[PDB]
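Chains as they are written, first to last, in the deposited numbering: chain C, 3 to 169; chain C', 3 to 169; chain D, 3 to 169; chain D', 3 to 169; chain C'', 3 to 169; chain H, 3 to 169; chain F, 3 to 169. A prime marks a further copy of an entry chain.
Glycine included, C-beta positions come from ideal geometry on N, C-alpha and C.
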Amino acid sequence: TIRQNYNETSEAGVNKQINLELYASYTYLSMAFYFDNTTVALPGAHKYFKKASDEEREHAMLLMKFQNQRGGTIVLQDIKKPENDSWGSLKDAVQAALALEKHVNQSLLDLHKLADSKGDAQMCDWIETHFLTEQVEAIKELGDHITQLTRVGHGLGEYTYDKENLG
Amino acid sequence: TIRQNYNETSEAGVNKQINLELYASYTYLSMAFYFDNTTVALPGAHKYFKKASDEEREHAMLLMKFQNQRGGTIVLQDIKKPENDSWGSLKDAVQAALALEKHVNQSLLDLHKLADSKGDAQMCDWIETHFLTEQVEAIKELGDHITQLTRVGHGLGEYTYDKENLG
Amino acid sequence: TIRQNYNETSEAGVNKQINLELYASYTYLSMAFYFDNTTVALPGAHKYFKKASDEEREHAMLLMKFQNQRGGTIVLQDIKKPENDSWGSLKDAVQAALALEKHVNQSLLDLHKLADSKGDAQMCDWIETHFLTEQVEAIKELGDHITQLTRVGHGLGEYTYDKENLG
Amino acid sequence: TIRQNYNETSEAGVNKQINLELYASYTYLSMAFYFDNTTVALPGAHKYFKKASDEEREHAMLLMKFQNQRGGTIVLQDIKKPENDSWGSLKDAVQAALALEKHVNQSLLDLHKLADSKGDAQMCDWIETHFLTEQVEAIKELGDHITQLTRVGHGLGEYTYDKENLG
Amino acid sequence: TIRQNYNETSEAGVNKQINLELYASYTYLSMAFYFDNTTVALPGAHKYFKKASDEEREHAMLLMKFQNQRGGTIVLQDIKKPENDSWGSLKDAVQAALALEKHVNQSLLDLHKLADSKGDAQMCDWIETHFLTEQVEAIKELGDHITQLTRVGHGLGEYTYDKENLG
Amino acid sequence: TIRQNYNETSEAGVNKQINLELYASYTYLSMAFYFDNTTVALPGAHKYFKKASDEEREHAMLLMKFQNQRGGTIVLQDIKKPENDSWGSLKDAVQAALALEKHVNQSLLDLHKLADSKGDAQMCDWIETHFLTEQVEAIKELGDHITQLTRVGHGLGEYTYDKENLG
Amino acid sequence: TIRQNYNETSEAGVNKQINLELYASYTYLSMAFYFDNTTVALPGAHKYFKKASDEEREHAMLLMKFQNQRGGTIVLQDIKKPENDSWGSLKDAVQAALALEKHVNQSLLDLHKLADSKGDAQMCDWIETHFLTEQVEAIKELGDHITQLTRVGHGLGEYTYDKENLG
């Protein structure tokens, strides 16, 4: 009785975006506690990736909120474990996060294209409002970090950027 | 001299959306004073529908504001009286309002589709920004009310939800 | 079971004074946004007639609350559109509103005479408290406005009085 | 070089209590948004189970911080989806959570017994400080909730207890 | 490594929008100091066009910010001098600014159409969010000024609107 | 359905602990009001033992809250009148309290050894957290008062230590 | 007469622990003022190790207070001069500190075991509360310091970590 102009493949897409967000929350959680391991001991990346872990959880809840708003049905799936147990250098992890956000960005743009093909005017604006530009700004930020992590180099530079920039 | 990329059927659509909003303001006004009748005596729905009556008036003024912004001409028509003189149970009225907002939602989505076909980029975003998601959230809210009004049932439950939720 | 000394004919007059108030509100809303149109562009008039639209909408709602309080039943009719689509000069519009308020005063006086004949002291005093003096002042204000608008003439004076007096 | 009196089997129990906590968090997130669905529409339950989702997610992270502090290595597994897609009545859901917390208490007690057998006083006291009493209270709270939900019955009472007690 | 779904003709369009904004900043700067010439001595238009000069500079920087966000390359060109060295009456200059903003509005709508044809979902929303409605409201405002500058007429009227409205 | 890892013996032992703190509370009240008697008239000792009476009462209430929290059943017994109807000198009653608290301490340690023997890890930590260390601080306090009340002697010593240290 | 459940060997062990905690403060005091030597001139390390020395002297007084509370007897031995008059680099001193903390941790765990095997439930919990988890926190912290000291390297890095992290 509330569902209106809400295509069933869109509802499917929304249910798949939820898992991808939760999967990205779990990767940043792994990364965050990787930098908390004594042998890595980078507390600034810890802080930086715990916050990314929190925010990607919020994104998943926004989609579940969205799924209920439009009259859809939320269906959850296993949250896959992250592709690695350790994440290398600070620069390595940022690199791995850039690739994660680009992949999430394509799913969001495909989800938008799908919704657009089915005439879902509110769903498109909704994805634009809550996701399309945050993704762009998240990706620009990781790129910047990577350039800067290259410039400062390993060793003291890595300590510094971790402390004075991340967190 | 200001009109730019503003199709004349769009201007017509905007003029018809104005009347539909004013017609919905008038229905919620009828509903609001129906609950003020001693034989109904639901002061919380009174408050809830007076506020919906005010907000649907504001929507109509936003469109008139919009009509003048884009270079169009506002043409007003008779505001039809509401389809009923009394509105039944609290649950009945919410049900009648859900159906009103769904109908308004389709007109807004058709108005958007029309504007889109004529390339009106600003008009589309404008409808999305001011209407498409407020409609979605208004519809989700009425649905929720209806589920809750079913759960509490008639009698004391109806008194309670009126007092402790509506207004 | 609350109706007392409330005559059926008085109930009908209230019902029709309600529709009359909604109609003056619609007329002022029309004038308000006529002055928002770029080809007119008198911002003060726009604010002046928009708040007059809000006020005669509140008159209608008082009459509606009164109808209920005394134990009548509200019956709404269509609100006919305004007279005109455009309202000419600032002075033409104030003169048009004067005529409107003037007609509105007469049916209030008619409603008062009707109630007196039915021995309805409370309805008579209610009408004097909320309407009869507040119309006398509105009519005096408009007469003042017309004179002043006549004094300052067209062009620079119309802008001046619109900016410095209305709103 | 910081590991001390930390047994490999205890490290494995922590790793699996981590995954267990993430799993209870996912289950509660599932219940939280089941109550946000319009066909259910219990706002209090939604806030109650969303904050319980946040909490058992923090349990997982404590265990993660502990694993690192004592010199183990974190190993994450997939978080299996919840049991069910819908959770029935408010009382069904609290009973389901009771069973869940109940299972979670047992493996904490198992983890405690395991650690005791390895002579691991610090890990035992850590588990008592952060988990063992905080589970006893959670289980008592849920038992209380079930009784109360049993007392107020279906319909108006479920709404009442959802509004006035959960959240 | 950050560029994603960012068409190279879009990047070209963005680089051309930058120059058009800077060109409009420079015209309003000329206009602003024209009204500062003793022989014109309109200090309110001075203030009004210095602020428009500042804001059109900001628009150009938003696009450069945009160009770097999406992974593009900023390429600057000569900022052409304004089409006139003097700008006539206050009404003449506003008229010249209306025509400037309408031209800028078409470039923005063409830039949007281009981006839309290449599927750039984020770029479209971005142009809508930062430009499409500010343009509409800037154009409605200049039109209004022009109507009012006609009404007040030359001489004292021109002094007044300059002082009491512009700035 | 909330009971877990809570042995039937422990529960019996909690019930008699309940009775033994209530017995202590009442012994301490009798002491307190003995020192309020005009023939004794030590206002410090009255305050001191009325306070300890309240604390042992709170202990008994903590123990009843724990019985409920772990899923047992409170079973109350008669509260036996205290050992004496009068308590001699100030040092005498402090000495009776030391004996009493050592009896309560040894009961708590047996209740702990019982609970340990059944693997009730939460019970053990609860007794450590609220009882075992408070008993040892109390006993040190009592031993300290006796040494001092020995050092100050009878007469003006007793009076002084009553007024300046106890209460 | 206050000694209850306090074994002869538990007491000898607190006395040995008092001396051990006194030995740590002396070593850390020695570390502290080495980093104050002109040929060393690390002010962070001095601040940081002066604090370590204070803390370990707090720990010694806690045990001295415990021995008195349980009715044992404090017996003091000489406080041996530290192993080294000089401590090398910052990372060398921190590594020495991690070794002493693991040693001190072991005899605490040893002391905890001795008391367990005598059934001293209070003494065990007392060591958990004031010592075992503090030791794990200190050992983890020291670890992190060695990893970061390796990462920042010699020279500027050693200076940087000393200023920006230690004190």
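So with CB distances below 8 angstroms, who are the chain D contacts of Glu166 of chain C''?
Along the fifth sequence, read from residue 1 onward, the residue named residue 166 of chain C'' stands at position 164. The contacting residues are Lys165.
Using a Cβ-Cβ cut-off of less than 7 angstroms, list which residues of the region 145 to 159 of chain C'' approach chain D; keep chain order.
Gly145, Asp146, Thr149, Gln150, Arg153, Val154, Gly155, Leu158, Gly159
Please state if the CB of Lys52 of chain F and the CB of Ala34 of chain F are separated by a distance shorter than 7 angstroms.
Position 32 of the seventh sequence, counted from the first residue, corresponds to residue 34 of chain F. Position 50 of the seventh sequence, counted from the first residue, corresponds to residue 52 of chain F. Yes, they are a contact pair.
Apply the 10 Å Cβ neighbour rule to residue 172 of chain C and answer buried if 16 or more other Cβ atoms are within range, or exposed otherwise.
Any question about residue 172 of chain C goes unanswered here, given that chain C covers just 3 to 169.
Please report how far the alpha carbon of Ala47 of chain C lies from the alpha carbon of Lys67 of chain D', in whole angstroms.
By 1-based counting over the first sequence, the position of residue 47 of chain C is 45. By 1-based counting over the fourth sequence, the position of residue 67 of chain D' is 65. So the alpha carbons of these two residues sit roughly 15 angstroms apart.
If we cut at 7 angstroms on Cβ distances, does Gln19 of chain D' have a partner in chain F?
Against the fourth sequence, residue 19 of chain D' aligns to sequence position 17. Taking Cβ atoms only, chain F never reaches closer than 7 angstroms to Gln19 of chain D', which makes this a no.
By how many angstroms is the C-alpha of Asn70 of chain D removed from the C-alpha of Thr40 of chain C'?
Numbered from its first residue, the second sequence carries residue 40 of chain C' at position 38. Numbered from its first residue, the third sequence carries residue 70 of chain D at position 68. Near 7 angstroms, if we compare the C-alpha coordinates of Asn70 of chain D and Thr40 of chain C'.
Between the region 10 to 27 of chain C and the region 58 to 66 of chain C, do at least 3 Cβ pairs fall closer than 8 angstroms?
yes
Quick one: what's got a C-beta closer than 6 angstroms to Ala140 of chain C'''s C-beta in the same chain, skipping five residues either side?
Taking the fifth sequence and counting its residues from 1, the one referred to as residue 140 of chain C'' is at position 138. Same-chain partners within the cutoff: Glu103.
Just to confirm the assignment, what range does the alpha helix (DSSP H) spanning residue 2 of chain H have?
With chain H running from 3 to 169 in the structure shown, residue 2 of chain H is simply not present.
Taking only beta-carbon atoms, is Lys49 of chain D' less than 7 angstroms away from chain C?
Numbered from 1 along the fourth sequence, position 47 holds the residue referred to as residue 49 of chain D'. So, not an interface residue.
Pairs of beta-carbons, one from the region 147 to 159 of chain D and one from the region 93 to 107 of chain D, closer than 8 angstroms: are there three or more?
Short answer: they touch.
Say whether chain C places a C-beta atom closer than 7 angstroms to the C-beta of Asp127 of chain C''.
The residue given as residue 127 of chain C'' occupies position 125 in the fifth sequence. Interface residue, yes.
Who are the near neighbours of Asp118 of chain D in its chain, counting only those whose CB is closer than 6 angstroms to its CB and skipping five residues on each side?
Here the question's residue 118 of chain D lines up with position 116 in the third sequence. Answer for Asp118 of chain D: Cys126, listed in chain order.
Tell me, to the nearest whole angstrom, how far the beta carbon of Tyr28 of chain C' is from that of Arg72 of chain C'; I am working on the premise that it is less than 8 angstroms.
Working through the second sequence from its first residue, we reach residue 28 of chain C' at position 26. Working through the second sequence from its first residue, we reach residue 72 of chain C' at position 70. Not really, about 26 angstroms apart at Cβ, beyond 8 angstroms.
What residue range is occupied by the uninterrupted alpha helix (DSSP H) comprising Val96 of chain D?
Sequence index remark: in the third sequence, residue 96 of chain D carries index 94 (1-based). From DSSP, the alpha helix (DSSP H) with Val96 of chain D extends over 92 to 119.
Cβ of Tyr163 of chain H within 7 angstroms of Cβ of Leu144 of chain H?
Here residue 163 of chain H refers to the residue found at position 161 of the sixth sequence. Here residue 144 of chain H refers to the residue found at position 142 of the sixth sequence. No; because the gap between Cβ atoms is not below 7 angstroms, this pair is not in contact.
Run through chain C'' and tell me which residues come within less than 8 angstroms of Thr41 of chain C', C-beta to C-beta.
Taking the first residue of the second sequence as 1, we reach residue 41 of chain C' at position 39. The contacting residues do not exist; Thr41 of chain C' stays about 48 angstroms from chain C'' at best.
Can you name the start and end residues of the alpha helix (DSSP H) that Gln71 of chain D belongs to?
On the third sequence, position 69 is the one that residue 71 of chain D refers to. Its alpha helix (DSSP H) spans residues 45 to 71.
If we cut at 7 angstroms on Cβ distances, does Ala123 of chain C'' have a partner in chain C?
If you number the fifth sequence from 1, residue 123 of chain C'' lands on position 121. Interface residue, yes.
Please list the terminal residues of the continuous alpha helix (DSSP H) segment that includes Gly15 of chain C'.
For this step, residue 15 of chain C' is matched to residue 13 along the second sequence. That run of the alpha helix (DSSP H) goes 10 to 36.
At 7 angstroms on the CB atoms, spell out the chain C' contacts of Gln79 of chain D, in chain order.
In the third sequence, the residue the question calls residue 79 of chain D occupies position 77. Correct list: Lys83.
Should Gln150 of chain C' be counted as a contact of the ligand ATP given a C-beta to heavy atom distance under 6 angstroms?
Looking at this structure, you won't find the ligand ATP or any other ligand, since it has none at all.
What does the alpha-carbon distance come out to for the pair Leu168 of chain F and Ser55 of chain F?
Counted from its first residue, the seventh sequence places residue 168 of chain F at position 166. Counted from its first residue, the seventh sequence places residue 55 of chain F at position 53. If I take the Cα positions, the gap works out to 14 angstroms.
If we cut at 7 angstroms on Cβ distances, does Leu116 of chain F have a partner in chain D'?
Your numbering for residue 116 of chain F matches position 114 in the seventh sequence. For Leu116 of chain F, the answer is no, since every Cβ of chain D' falls outside 7 angstroms of its Cβ.
Report the residue from D':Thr135, D':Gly15, D':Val138, D':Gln137 whose alpha carbon sits nearest the alpha carbon of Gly74 of chain D'.
Here the question's residue 74 of chain D' lines up with position 72 in the fourth sequence. It is D':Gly15 whose Cα lies nearest to the Cα of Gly74 of chain D'.
With a threshold of 16 other CB atoms inside 10 Å of the CB of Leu78 of chain H, please say whether the residue is buried or exposed.
Residue mapping note: residue 78 of chain H aligns to position 76 of the sixth sequence, counting from 1. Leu78 of chain H should be labelled exposed.
State the DSSP-derived secondary structure class of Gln137 of chain D, mapped to helix, strand or coil.
The count along the third sequence starts at 1 and reaches residue 137 of chain D at position 135. Of the three classes helix, strand and coil, the one that applies to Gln137 of chain D here is helix, per DSSP.
Taking the C-alpha atoms as reference points, what is the distance between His114 of chain C and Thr131 of chain D'?
As a first step, residue 114 of chain C is located in the first sequence; it is residue number 112 there, counting from the start. As a first step, residue 131 of chain D' is located in the fourth sequence; it is residue number 129 there, counting from the start. Taking the straight line from one Cα to the other gives about 48 angstroms.
Starting from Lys104 of chain D', find everything on chain H with Cβ-Cβ shorter than 7 angstroms and list it in chain order.
Along the fourth sequence, read from residue 1 onward, the residue named residue 104 of chain D' stands at position 102. Those are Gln6, listed as they occur along chain H.
Which same chain residues end up closer than 8 angstroms to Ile129 of chain C'' when comparing Cβ atoms and leaving out the 5 residues on each side of it in sequence?
If you number the fifth sequence from 1, residue 129 of chain C'' lands on position 127. Excluding residues within five positions, the ones whose Cβ falls inside 8 angstroms are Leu110, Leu113, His114, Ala117.
Please state if the CB of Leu134 of chain C'' and the CB of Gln137 of chain C' are separated by a distance shorter than 7 angstroms.
To locate residue 137 of chain C', count along the second sequence from 1; it is residue 135. To locate residue 134 of chain C'', count along the fifth sequence from 1; it is residue 132. Taking 7 angstroms as the Cβ cut-off, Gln137 of chain C' and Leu134 of chain C'' do not qualify as a contacting pair.
Could you compute how far the alpha carbon of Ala98 of chain D sits from the alpha carbon of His147 of chain C''?
Translated into the one-based positions of the third sequence, residue 98 of chain D becomes position 96. Translated into the one-based positions of the fifth sequence, residue 147 of chain C'' becomes position 145. For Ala98 of chain D and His147 of chain C'', the distance between alpha carbons rounds to 26 angstroms.
Taking the alpha helix (DSSP H) that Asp164 of chain D' belongs to, which residues open and close that run?
For the purposes of this step, residue 164 of chain D' is identified with residue 162 of the fourth sequence, where counting begins at 1. Where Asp164 of chain D' is concerned, the enclosing alpha helix (DSSP H) stretches over 158 to 166.
In whole angstroms, give me the CA-to-CA distance for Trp89 of chain C' and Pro45 of chain C'.
To locate residue 89 of chain C', count along the second sequence from 1; it is residue 87. To locate residue 45 of chain C', count along the second sequence from 1; it is residue 43. Their backbone Cα atoms lie some 15 angstroms apart in a straight line.
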